[PDB]
Each structure stands twice: as C-alpha cells, then as structure tokens.
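Here is the structure we will look at.
Number of protein chains: 2
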Amino acid sequence: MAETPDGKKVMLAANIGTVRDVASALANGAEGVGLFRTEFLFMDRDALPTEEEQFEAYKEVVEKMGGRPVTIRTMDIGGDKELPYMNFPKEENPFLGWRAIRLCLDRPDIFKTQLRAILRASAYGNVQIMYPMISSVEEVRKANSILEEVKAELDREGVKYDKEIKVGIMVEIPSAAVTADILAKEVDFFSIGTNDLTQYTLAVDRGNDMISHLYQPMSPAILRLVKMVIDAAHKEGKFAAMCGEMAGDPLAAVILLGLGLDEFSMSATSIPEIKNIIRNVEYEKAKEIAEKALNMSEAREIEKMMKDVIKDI
Amino acid sequence: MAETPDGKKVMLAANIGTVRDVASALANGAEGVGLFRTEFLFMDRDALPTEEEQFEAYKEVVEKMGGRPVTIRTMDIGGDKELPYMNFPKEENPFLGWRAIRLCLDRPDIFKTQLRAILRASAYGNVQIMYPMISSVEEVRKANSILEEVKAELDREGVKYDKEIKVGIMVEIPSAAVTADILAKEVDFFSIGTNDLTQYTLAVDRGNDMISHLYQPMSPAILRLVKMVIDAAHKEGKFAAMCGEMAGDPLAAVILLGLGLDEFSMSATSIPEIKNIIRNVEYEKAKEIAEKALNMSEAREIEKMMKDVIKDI
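Chain order of the listed sequences is U and G.
Per the numbering used here, the first sequence starts with residue 1, numbered consecutively.
Per the numbering used here, the second sequence starts with residue 1, numbered consecutively.
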C-alpha cells in the first residue's frame with residue numbers, strides 16, 4: 001500500500017467514466033473510486049437517463065468494488081455539450097455559465113433522478129456523493145436540501161439507502177478554495193479538481209490554442225489553493241482528496257504528500273507509479289519539499305526541483 | 001482629505017475613460033487618476049491608434065492633473081468586442097481567452113507603441129503604468145522586459161521619460177491575488193479590479209442572466225482576496241488600490257478602509273460620498289467591522305451588516 005518509509009499512509013483511488021473501468025482500477029491497486037464521472041449516462045442519447053438505468057450502473061460499480069468507497073459525481077454538463085433533449089441557452093462563456101450543479105438546482109427533476117439512483121445504490125456498498133461546480137456554501141445548502149428531500153421520498157416509498165452516506169464537493173471554483181473553512185462545515189470531504197481549478201484560477205480556457213502555454217496546474221497559485229483546501233478540511237476533521245490530473249502526476253506526488261493530501265484519485269494506470277514514489281520518500285522529507293515548492297515564484301522553478309526529486313528514484 | 005477622525009488617511013482617485021473626463025475628476029476632488037482606461041483609443045476605428053495620437057491624449061490628462069498621479073492601463077480588449085483591424089480569433093470563452101496583456105505580449109508592436117506614448121507622457125507629470133489581466137509573475141516579467149526595451153529605445157532616440165515611473169498590475173485574475181506576495185516583488189502597486197475578480201473567482205459570467213444571482217462582489221471569497229492583496233503589498237512596502245466598482249460602493253467603504261486599502265479609485269461623482277464615509281468612521285472601528293465581515297459566511301450577512309453601519313453614521 002501507499003505508505004511512506006516513516007509511516008505516513010495515504011489512499012490511492014481511481015477515476016472512472018464508465019462501468020467497465022472498475023477492472024483496471026482494482027488490477028492497479030485502487031483502494032476505491034475517487035471520481036466516478038456520470039456524464040457517460042447523459043451523452044450520445046436522445047432522452048435523459050432513467051433512474052433505473054443510472055441505478056444499475058452505479059450498483060454494478062459499487063458491488064464490484066467490494067465495500068471500497070465509490071465517490072459518484074452528479075452530472076457536470078453545460079451548454080458547451082451536444083445534448084438535443086436539454087435545450088441549453090446561448091452563452092458567450094459557457095464555462096462560466098448555467099451548468100452542472102447550477103443547472104441541477106434549476107432542474108430538480110434531473111437532479112433528483114440521479115440522487116435517487118445514487119442513494120439506492122448506497123444500499124449495496126460504500127457510496128459517496130460529490131457535487132461539481134460549487135461556488136458558495138449557499139449552493140451546497142440548497143443541494144443538500146434537495147438531497148434530504150429525496151431521502152424523505154425514498155423513506156415514504158419503503159426504499160433503503162445508506163443513512164450515513166457521505167456528501168462532498170469538487171473544489172474547482174476558486175471561491176470554493178478561498179472559503180474552504182466555511183464549506184468544510186457543511187460537507188464531509190473535498191476533492192480538489194485541479195483540471196478546472198487551474199482554468200478558473202488562471203482565467204485560461206485549456207481548449208484555447210493561443211493561450212495553452214498559460215495553463216499550468218503546477219503553479220504557485222494552484223498549489224496554494226491546494227494547501228488551503230487540505231488545511232481547512234483537516235481543521236474540521238474532514239479528509240481532502242484530489243481527482244484532477246495533478247494527482248496522477250509523478251512530479252506533484254511528493255508535494256501533495258507533504259501538504260497532507262489524504263487521497264490521490266487518478267487514471268488507474270497511474271496508480272502503481274505514484275504508489276512507488278510514496279513508498280520511497282519520507283513524509284518528513286516531503287513536507288520540506290512542499291514547503292520549498294510553495295515559496296517558489298514560477299512554475300518552472302517547481303518543475304525543475306521535482307524533476308530532480310523524481311530523478312532520485 | 002479622506003481621513004478618519006483618529007488619523008487614517010486614504011487616497012481618493014478617479015476612473016476615467018476619455019480625456020475630457022479629467023475635468024469632472026478634479027471638480028469632485030480627485031487626488032489622482034487611479035484608472036485611465038485606454039480602450040477609447042482603440043474602439044470604433046479602422047486602424048490601430050498611432051503613438052502620437054495616444055501620447056497627445058495621455059499628455060493632456062497628465063498635465064491637467066498637475067502632478068497628481070495618473071495610472072494608465074494598457075489595452076484591455078479581447079475578441080468579445082468588435083474590432084475588425086485586430087483580427088481576433090473565434091473563441092468559446094472569450095473572457096478566458098486571448099485578450100489584453102496576453103495579446104500585447106504576442107503583438108509587441110501594439111504594446112510598444114502604447115508604452116512609448118505612456119513613457120513620453122510621463123515627462124510632463126506623474127504617470128504610472130498598469131498591466132491588465134495578469135495571471136502570473138512570468139507575465140509581469142515578460143511585460144516589464146518589453147517596457148525596458150522601450151526605455152532603451154527612447155534613450156538612444158534622445159526622448160525623455162520619467163526614469164522612476166511606477167509600474168503596477170490590475171488584480172482581477174484569482175491567481176494574481178493568491179500570489180500577491182510573489183507579484184509584489186516585481187510591481188510597484190496593485191489595483192484591485194473587483195468587477196472581473198468576482199466573475200473569475202466565482203466562475204460566473206455577469207452577463208448570464210440565468211445565474212446572475214451568483215455574482216456577488218461582497219462575498220467572503222472576494223473580500224478575502226482583497227485582504228490578500230493589501231497585506232502582500234504592505235509587506236513589501238507597496239500600496240494597494242481598488243478601481244473596481246466596489247471602491248465606489250458606500251457599503252464597502254468601511255470594510256475596505258478597515259482592511260487597510262490605500263487608494264479608492266471610482267467614477268468621479270462617487271468621490272464625495274465615499275469621502276464623507278471615511279471622515280465619519282474611526283479607523284479603529286473600521287478594522288473591527290472588516291474583521292467581522294471576513295469571518296462571515298454569506299454575502300447576505302455582510303451586506304445586511306454594512307447597511308446598518310452606514311445608516312448609523
């Protein structure tokens with residue numbers, strides 16, 4: 001398992017986007033699913049996914065992971081996507097628009113269908129709910145209110161769910177990182193989504209060819225937001241995960257270990273590589289390295305240092 | 001002067017978008033021009049503004065201000081605006097795209113023409129340069145390198161500029177606030193652009209009516225970034241300004257004052273109103289109100305508190 005020579009234990013989980021992916025996740029040592037993307041259930045179809053179709057998908061993954069935690073992220077879709085049954089409005093900047101949790105709060109019918117399926121799946125294993133695109137504690141409160149509604153609905157129908165199901169949020173909007181202490185009081189965990197956190201924090205559309213060079217997850221700015229979220233989570237006794245691609249990056253492994261990240265979630269094939277690094281760097285050394293990294297000025301300084309750290313393999 | 005009874009002074013400046021705006025600024029008691037928007041020189045024309053046209057504009061504002069500091073912001077335009085001669089690319093998210101300083105560093109011929117006019121204008125008064133849409137220190141250093149190249153050009157041409165000319169940045173990308181301590185080593189001042197800082201920090205397009213209830217400049221997240229910038233500037237002996245619309249908002253005046261903001265730049269008409277608030281609130285009391293505002297969790301609590309604070313003045 002991923003434990004430093006001096007005894008610091010971390011959890012390595014897998015990001016998946018379909019029911020099939022569980023096989024590779026376990027074969028590569030995944031202790032759980034830190035990010036189950038549910039977009040496969042909504043894309044390339046002409047009507048919304050029914051509760052039962054969603055339930056069967058969630059159920060199969062939850063059972064095949066054999067009690068390991070499965071963090072299911074609710075729909076993270078906006079008008080930038082091709083969905084004919086949705087009818088999205090015209091948006092000049094879709095990435096800053098009506099999408100994901102914002103759409104769900106305005107379309108409770110979609111949101112409750114997915115929550116009902118996830119909750120019913122939690123009766124068969126270890127399930128966690130994760131909201132995307134959270135900007136403020138007020139949104140989490142509204143989301144959790146509809147979640148309690150669905151619980152009450154299933155209660156009235158005689159349908160079982162895990163009453164202790166944990167609910168967390170993707171931390172991908174900068175306001176969520178800067179107010180992590182506030183959010184920490186309302187959620188059971190954070191998962192740092194560095195992919196979009198980098199895009200919003202630097203104001204850089206990764207899909208834009210002309211400013212690609214400005215997209216730098218390994219930047220002083222994002223690593224300071226990472227530390228912000230981890231510390232706020234720990235101060236409230238909650239655990240901090242990361243499902244962005246940084247968690248699978250060997251150059252970031254030692255920094256994240258040093259910052260006290262509880263859970264690395266990544267593409268399954270990256271798990272053995274990160275595990276090896278964790279097992280070959282003391283937690284006390286990693287803390288020093290993360291401390292140096294967070295006092296650096298430019299992403300290049302950090303890259304060179306970590307390259308030298310990985311070089312010492 | 002805008003000074004609290006117990007002796008805390010702040011500088012009240014004016015935002016302007018044309019040359020003629022300077023008269024109103026002086027008439028309202030502006031101690032400077034905290035933001036000279038230069039978009040008027042680029043918009044609604046068929047060709048780039050020449051150095052001499054820009055120079056004559058900058059020079060007149062600088063002279064009429066009579067030695068008061070004039071902060072001139074370089075071009076802040078992207079493909080969201082219609083400018084045929086710029087040949088902007090089609091972009092999915094223009095606000096996250098190739099604009100302002102990112103364009104200037106890719107098109108230094110445009111950048112140097114404007115910097116040349118600004119530098120020449122500084123021979124006639126108190127001029128300061130401000131870069132928009134800075135996301136990293138790497139960008140500031142790339143922009144300053146071009147500035148020094150322009151200084152060397154003027155030198156060998158025998159043209160005069162203020163060799164002590166101060167250079168600062170707009171703080172509107174979240175990463176710039178999170179790395180203020182790093183940026184403070186490379187700039188002479190910050191100016192907080194709360195308008196765009198709010199949209200980026202919350203990942204909300206203010207122009208999106210469907211989610212415009214999420215646009216909240218007076219949220220904990222934004223005010224915490226403001227404090228971040230102010231503290232970082234002061235640790236390096238620099239001053240922190242705000243030209244975003246928050247600086248002209250009477251509700252924010254006491255918080256901004258309490259956080260230690262050095263300079264309030266606003267539409268000239270708003271200067272007397274903010275001045276009256278500053279002079280009728282004790283700095284010691286303002287610090288406590290700011291501390292409370294930053295410990296709060298919703299934009300509702302803060303605005304509700306501030307409304308009472310400035311009714312009781």
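Every residue, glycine too, gets a C-beta built ideally from N, C-alpha and C.
- Proximity to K287/G across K311/G, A252/G and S267/G peaks at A252/G, based on C-alpha coordinates.
- Any Cβ of chain G closer than 8 angstroms to the Cβ of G193/U would place that residue at the interface, and such an atom is absent.
- DSSP places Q199/G within a helical segment (H, G or I) once states are collapsed to three.
- A distance of 8 angstroms or more separates the beta carbons of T74/G and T50/G.
- At a C-beta separation below 8 angstroms, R107/U has no neighbours in chain G, since its nearest C-beta there lies roughly 12 angstroms away.
- Here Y215/G is not near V226/G, since their CB atoms are 8 angstroms or more apart.
- For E301/G, the enclosing alpha helix (DSSP H) stretches over residues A299 to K311.
- With at least 16 other beta carbons inside 10 angstroms of its own, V254/G counts as buried.
- Against chain U, the beta carbon of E92/G has neighbours under 9 angstroms at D80, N93, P94, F95, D205, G207 and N208, listed in chain order.
- Between the segment 155-174 of chain U and the segment 188-205 of chain U, the count of C-beta pairs closer than 8 angstroms reaches three or more; the two stretches touch.
- The alpha-carbon of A268/G is positioned some 16 angstroms away from that of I278/G.
- One Cα belongs to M1/G, the other to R206/G, and the distance between them is close to 34 angstroms.
- Less than 8 angstroms separates the beta-carbon of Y124/U from that of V62/U.
- Residue state for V254/G is assigned as helix, using DSSP reduced to three classes.
- When C-beta atoms of the segment 85-102 of chain G are compared with those of the segment 129-146 of chain G, three or more pairs fall below 8 angstroms, so the two segments count as touching.
- Take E53/G, set aside five residues on each side of it, and no residue of its chain has a beta-carbon closer than 6 angstroms to its own.
- Here DSSP, grouped into helix, strand and coil, assigns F88/U to coil.
- The DSSP assignment places 137-156 and 174-178 as complete runs of the alpha helix (DSSP H) inside the segment 109-182 of chain U, in order along the chain (cut-off: 4 residues).
- One thing to note: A290/U has its Cβ no nearer than 8 angstroms to the Cβ of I302/U.
- Membership of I101/U in the alpha helix (DSSP H) is indicated by the continuous run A100 to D106.
- With its beta carbon at least 8 angstroms from every one in chain U, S212/G lies outside the interface.
- For the segment 108-140 of chain U, the set of positions with a beta-carbon nearer than 9 angstroms to some beta-carbon of chain G reads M133, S135, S136, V137, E138 and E139 in chain order.
- Sorting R45/U, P94/U and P89/U by C-alpha distance to the C-alpha of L83/U places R45/U at the top.
- In terms of Cβ geometry, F111/G and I146/G form a close pair [threshold 8 angstroms].
- Under DSSP, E263/U shares a beta bridge with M11/U and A241/U.
- Assignment of beta-bridge partners to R73/U by DSSP yields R37/U and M130/U.
- Your pair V137/U and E186/U checks out as a contact, with CB atoms roughly 6 angstroms apart and the cut at 8 angstroms.
- At the C-beta level, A30/U and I271/U come within 8 angstroms of one another.
- Around the CB of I182/U, 16 or more other CB atoms lie within 10 Å, so the residue is classed as buried.
- In the displayed model, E273/U falls within a helix according to three-state DSSP.
- Remark: C-beta atoms of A241/U and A180/U do not approach each other more closely than 8 angstroms.
- Secondary structure note for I289/G: its alpha helix (DSSP H) is the uninterrupted segment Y283 to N295.
- Sixteen is the threshold: when 16 or more other Cβ atoms of the shown chains lie within 10 Å of the Cβ of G258/G, as they do, the residue is buried.
- Residues of chain G with a Cβ closer than 8 angstroms to the Cβ of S267/U do not exist; the shortest Cβ-Cβ separation is about 25 angstroms.
- Using a Cβ distance threshold of 8 angstroms, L35/G and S265/G count as a contacting pair.
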